[PDB]
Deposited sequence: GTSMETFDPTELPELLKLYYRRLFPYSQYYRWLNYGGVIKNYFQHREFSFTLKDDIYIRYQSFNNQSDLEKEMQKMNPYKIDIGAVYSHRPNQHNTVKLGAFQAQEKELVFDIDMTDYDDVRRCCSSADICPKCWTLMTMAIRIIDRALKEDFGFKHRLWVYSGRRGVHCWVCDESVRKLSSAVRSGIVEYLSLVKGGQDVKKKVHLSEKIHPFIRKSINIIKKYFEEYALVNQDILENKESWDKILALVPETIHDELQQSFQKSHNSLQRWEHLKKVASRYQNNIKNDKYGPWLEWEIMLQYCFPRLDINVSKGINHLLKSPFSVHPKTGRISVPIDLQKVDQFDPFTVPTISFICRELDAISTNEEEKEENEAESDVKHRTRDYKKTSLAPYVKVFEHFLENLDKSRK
């Protein structure tokens, strides 16, 4: 949390000497190969007192610099590319102003993991629970890269409680809401709200996406689940895991749990016991489906779904400030995803302090270098 009276004086300087305007324009101009592509983009500025304006568009980079430095917006959201100039949508015939293109986006909030987190809750995050986002980035990014063939993926720290992903392949920017829904369904395993206890069910045959995602989780599960969260510490915690396991084997576990001493041994026990449960009496097929359902329910990414369906849904811009923490929405170095510390992310107050002691003078520089690598990969593919 932050004290929000300093923000305006900090924002003035940030938009004057620190915001990477050139790289930003390179990005949303996309080479200038399509006409009106930057000029038909919706921007949404949030000002002081949570007053926000929509359908703000601009002619060129300089126009953007000017109006941003004139409003010093608390928060900047990117929208869709529309049929006409967003800032002229009243002069257009009703029914002819329609969203046409936007990147495929993903919003991941840690709040959706409160049911499986024990250290933090609500908007809080700590190094112990942050591994979820790491695995989230690992799982989704892999599927985005290999199962769908998307080459241009930008991962961004949302500034507080999770991360964002912008997918910018030219054909992906054209996808309708229908295809985006289908993509989210392909990527989702944790179903059900607070109403249901067991939120993951696996079919008898395993789809490669599930096997590969499980294998990703099997890299982190020891460190995250059995040590940092201690999901099997005592009865208070392990009864939450038994709630999603068949009851005919509960007794044997509770016994074997009390006689055990820590979460490692209890997990090894649960594995053996689940690999001996018979789901179907016809066949003598046994497997780790319950083990896998547990690991998925506790570690698999939960996506904010309605963020990805809408073509015209707004998402916080990269390098925009989060007005409730002061943190800058910085890109995530994928080659160092495990090393990403959300607590080393520069705040606006902090880099303005660094500057007075251009953006490459500050701790924002390596993040801009990440953004430029993403942009140069966009340039090569053209």
request  = Would you list the gaps, meaning deposited-sequence stretches without C-alpha coordinates, in the order they occur?
outcome  = 1-5, 363-384, 410
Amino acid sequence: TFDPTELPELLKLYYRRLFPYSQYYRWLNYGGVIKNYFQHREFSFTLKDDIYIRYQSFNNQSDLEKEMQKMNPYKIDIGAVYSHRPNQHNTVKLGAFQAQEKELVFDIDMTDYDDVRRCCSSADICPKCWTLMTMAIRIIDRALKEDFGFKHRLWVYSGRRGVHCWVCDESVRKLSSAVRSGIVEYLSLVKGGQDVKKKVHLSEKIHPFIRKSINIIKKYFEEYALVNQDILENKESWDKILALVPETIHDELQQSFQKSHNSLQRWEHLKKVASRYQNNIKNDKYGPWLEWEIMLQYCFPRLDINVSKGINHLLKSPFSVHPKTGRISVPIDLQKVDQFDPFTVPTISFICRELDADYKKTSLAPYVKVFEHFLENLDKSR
From here on, numbers count along this sequence of modelled residues.
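What we label the rigid core is the largest C-alpha set whose atoms superpose within 1.5 Å from one form to the other.
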inquiry  = Comparing against the shown form in 7 other deposited structures of this protein, which stretch has the larger RMS C-alpha deviation after a rigid core superposition, 373-381 or 4-12?
reply    = 4-12
note = Core-aligned CA RMS in 7 other deposited structures of this protein: between 62-70 and 45-53 the higher one is 45-53
request  = Select between 252-260 and 269-277 the stretch whose C-alpha atoms have the higher average B-factor in the entry.
outcome  = 252-260
query = Taking only the CA atoms, which stretch has the higher mean B-factor in the record, 280-288 or 102-110?
reply = 280-288
ask   = Based on what the PDB entry reports, which of 176, 213, 72, 308 has the top C-alpha B-factor?
value = 72
ask   = When you compare the CA B-factors of 339, 46, 325, 57 as listed in the entry, which one comes out on top?
value = 339
request  = Give the position of residue 155 by CA B-factor within its chain, expressed as the lowest, middle or highest third.
outcome  = lowest
inquiry  = Going by the CA temperature factor in the PDB record, which third of the chain does residue 331 belong to: lowest, middle or highest?
reply    = lowest
query = Of the three thirds of its chain by CA temperature factor, lowest, middle or highest, which one includes residue 141?
reply = lowest
message = Based on the deposited C-alpha B factors for this chain, I'd like to know if residue 347 is in the lowest, middle or highest third.
response = lowest
Where the record places residue 371 (Cα B-factor, split into thirds across the chain) = middle
